[PDB]
Each structure stands twice: as structure tokens, then as C-alpha cells.
Amino acid sequence: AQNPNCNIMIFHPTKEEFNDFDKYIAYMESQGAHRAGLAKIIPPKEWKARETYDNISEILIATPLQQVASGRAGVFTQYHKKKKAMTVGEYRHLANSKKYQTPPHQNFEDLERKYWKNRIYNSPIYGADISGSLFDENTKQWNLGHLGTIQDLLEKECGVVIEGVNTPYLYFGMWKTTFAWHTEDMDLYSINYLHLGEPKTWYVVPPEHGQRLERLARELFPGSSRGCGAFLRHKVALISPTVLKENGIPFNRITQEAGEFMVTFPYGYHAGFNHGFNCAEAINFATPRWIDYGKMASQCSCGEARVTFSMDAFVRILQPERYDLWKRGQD
Ligand SMILES: O=C(O)CNC(=O)C(=O)O
Ligand SMILES: [Mg+2]
Ligand code: NI
Ligand SMILES: [Zn+2]
């Protein structure tokens, strides 16, 4: 078995190997990359996402989210308070202000220490989940707006044509902006490109150990667990590496820098934080290997998770027994 310790693997495809996206994902899996839940892909030196980032300041962040924490430094939830709209140029200025800027630090490890010590005491503002793309239309390789759609994959594998669309999302971050422990909708893959700015630190649990994370989460968030049998789908809970290590949960960590892709694999729980002002683009995708994960994915039916239009068909076709309850939670 390749990669039996479930380490995060880093890949350096050549420009030739960068042509065929599906083929390269399958290659990474042949080397055991999925066992970690997360892989890094460093693009060939010849490649670029677009020519420059000099003209992005007028993008609108319609609903910036202030991420307010509750709990203790290593075990907390966050809620999202909606703020007034602002442009990316306004948000960048805000991120660089004395109130929100990255503190002085020695290295990524020191900054990580500072994040876990101090995150709860601040409420950073995240420009998340903005439909759109920063890939140039002329970028032919690993262009996250030109991937094969999940609806097409389901149709190719299973023969059933379904409604729905699959488009990318932009994320504008600042110091301490946080993504809570989650797997993707329907335990899909994700791919994330860090277009510009400061790094993003990731934590990940191997898919084969995801249920160990879930059991810890039920212990640590006992009211939330009574409320919902899949409350990590709410995407609000944080658990620090120190707490994970104290509880014997297998995990790994890695820091993504600008110009790098990360791929999350089906049922790979992940969480993390931004180092400072940045912009990422991410999208879900599927492969043939995903189908069995989609059929087994948990679902929130309590009403909290509320998701896209396109998840309906995935539930309806892959999980017909669950469909009626889940749809009630959507309505
Ligand atoms: O970058 C973020 O805030 C969150 N991204 C992801 O969870 C992802 O790409 O799957
Ligand atoms: Mg602009
Ligand atoms: Ni994710
Ligand atoms: Zn729920």
C-alpha cells in the first residue's frame, strides 16, 4: 500500500504532466496521496494563472463575514456576523491596518503558535465564498473555471443526466481568518489555488481516520452533537493541533504559499487559517473514485448546513433513502 503513514505528499508536475488534470489526480492517487486527505501541487515554472494581479481591487465582497469565536483557545466555535459590502481594495487596506495586520513573527511556526494562543480574542473579517474566477481564460492547464463538472462525472459514471452547475469561488483572507473542520459537500474533492498574498496553513485528518475526528468533536461540542448527527457540516468548530495530539487523533499540517495548489480528497477533514491578506480560488470536483464516498456521505438535516442548488441531485440520485429528510432541512 502506498503512503501507509498517510503523509501529505508534494508534487512537482512537469509542463507536460500538467496538461491532463484527471490523469494527474489519478497519478497522485497511484502514489498514495489521497491517504493523507490533502496534497500540494507546485505548478511547473512555465505556468501562470494570469499575467498580473494589478487590477483586482474593484471586485466586490458583498457580504464580508466577521468571524466571532466562543470557547477556549484550542476548542472553539465561530459564527459569522455579516458586515457591509466592501471592495477588495478596501478589504486589503483593512487587512493591513494596525487592528487586523499580521503581528511580527520569526517564522511560520511562531505565527502558528500565536494563532492558536490568540485567535479567540480577535474577530477577523473573511471575504469568503464569492462566485467568480481569477484565472485568465487563456490559461489552459489547471484552470479552476474550466474543469470537468461534477454533473458530467456523475452522468459518465452512472448514466443519469442531472441539473446543476459547478463554478469556482474566491476567498479573500486576512490574519487569523479561519476555516473550520469540515469535509466537502457530499465528501467531494476540492482544489484550492492561492493566487496571491500571504500563506494559508492547513490541518488534515486522513480519510481512513475521519470517524476518530468526528467522535472527538461529539465529545468536545456536546450540545452541538445533540442538535445534529452531522454538525461538522455546519462548518463552525475548531480544534487545535495540541488538542488533537492530546486525544490521539491522527493528523498532518502544511503551509500553502502563493502560486501553489492544494487538493483535498474525499472525506479528508481539513481546517486552517490565513497568515495575512490573501486571495484563494477553490472549487469542488469529482472522479470515479468519489462515487462511493458520495453514496456514504453524512448529511445535516437540522437546517443549519444550507447548501447550493446542485447538491439536490447528488443526494437524490446517490442517497435516495436520505433525500426526503435532507430536503426538509433545506426547506
Ligand atoms: O480557503 C478556505 O477558506 C477554505 N478552503 C477549503 O476548505 C477548500 O479549498 O476545500
Ligand atoms: Mg477589479
Ligand atoms: Ni474545504
Ligand atoms: Zn445540522
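Calculation criteria
- Residues numbered from 1 in each chain as written, not as in the entry; some residues may be left out.
- Chains lettered and ligands numbered in written order.
- Heavy atoms only, no water.
- Residues with missing side-chain atoms left out of burial classes, pairs and counts.
- UniProt positions renumbered as here; feature names shortened; annotations may be inferred.
- Helix = DSSP H or I, 4+ residues; strand = E, 2+ residues; numbered from the N terminus.
- Buried < 20%, exposed > 50% of the residue type's maximum accessible area, 1.4 Å probe, protein only.
- Contact = heavy atoms within 4.5 Å.
- Donors = N, O, S within 2.8 Å, 3.2 Å for Na, K, Ca; no water.
- Near = heavy atom within 4 Å.
- Polar contact = N/O pair within 3.5 Å; in protein donor to acceptor, adjacent residues only side chain to side chain.
- Areas by Shrake-Rupley, 256 points an atom, 1.4 Å probe, with all protein chains shown as cover.
- Nonpolar A, V, L, I, M, F, W, Y, C, P; charged D, E, K, R; others polar.

Its UniProt record gives the chain the following Catalytic activity comment, quoted word for word: "N(6),N(6),N(6)-trimethyl-L-lysyl(9)-[histone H3] + 2 2-oxoglutarate + 2 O2 = N(6)-methyl-L-lysyl(9)-[histone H3] + 2 formaldehyde + 2 succinate + 2 CO2". Per UniProt, the comment on the chain under Subcellular location is "Nucleus".

Once that is clear, we can look at the environment of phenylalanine 314. Along the chain, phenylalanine 314 turns up in helix α9 (residues 311-318). Under the relative-accessibility criterion, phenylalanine 314 is labelled buried at 5%. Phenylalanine 314 sits 23 residues away from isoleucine 291 along the chain, and the two C-alpha atoms are 10.0 Å apart. Setting aside residues up to four positions removed in sequence, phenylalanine 314 forms contacts with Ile150, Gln151, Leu154, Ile162, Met186, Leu188 and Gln319.

Moving on to the coordination of the nickel ion (ligand 3). On the protein side, the nickel ion (ligand 3) has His182 (NE2), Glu184 (OE) and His270 (NE2) as donor atoms, found 2.0 to 2.2 Å from it. When the donor residues of the nickel ion (ligand 3) are listed from N- to C-terminus, their spacing reads H-x1-E-x85-H. With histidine 182 in strand β9 (residues 178-182) and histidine 270 in strand β15 (residues 269-274), the pair connects residues that are 88 residues apart, well separated along the chain. The exposure class of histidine 270 is buried, given its relative accessible area of 2%.

Taken together, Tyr126, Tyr171, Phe179, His182, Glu184, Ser190, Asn192, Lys200, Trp202, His270 and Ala282 make up the full set of residues near ligand 1. Measuring from an oxygen atom of ligand 1, one finds a side-chain N or O atom of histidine 182 at 3.0 Å. Interatomic distance of 3.0 Å between a side-chain N/O atom of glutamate 184 and an oxygen atom of ligand 1. Within the complex, the protein chains bury 94% of what would otherwise be the 300 Å² of accessible surface of ligand 1. Those elements giving two or more residues to the shell around ligand 1 turn out to be β9, β10 (189-197) and β11 (200-205). For the shell around ligand 1, the per-class residue count stands at five nonpolar, four polar and two charged.

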